[PDB]
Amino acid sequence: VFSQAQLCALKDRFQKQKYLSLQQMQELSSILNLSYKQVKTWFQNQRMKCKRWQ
């Protein structure tokens, strides 16, 4: 579970960059006080929603 602010940031970045580097996800997780695994997992799941084709 993420806070309102934390989700706000994640979605903001996702809108600007669908794929973050390994370094960027680590850096970003520290800034938001999230684990690296939480951030990477959030981006992976975010890329899976709302598909019209594979």
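Note that residue numbering follows the sequence shown and begins at 1.
- Ranked by C-alpha B-factor against the other modelled residues of its chain, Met25 falls in the lowest third.
- Annotation for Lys16: C-alpha temperature factor in the highest third relative to the rest of the modelled chain, per the entry.
- Ranked within its chain, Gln54 lands in the highest third, by CA B factor from the PDB record.
- For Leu7, the recorded CA temperature factor ranks within the lowest third of the chain's modelled residues.
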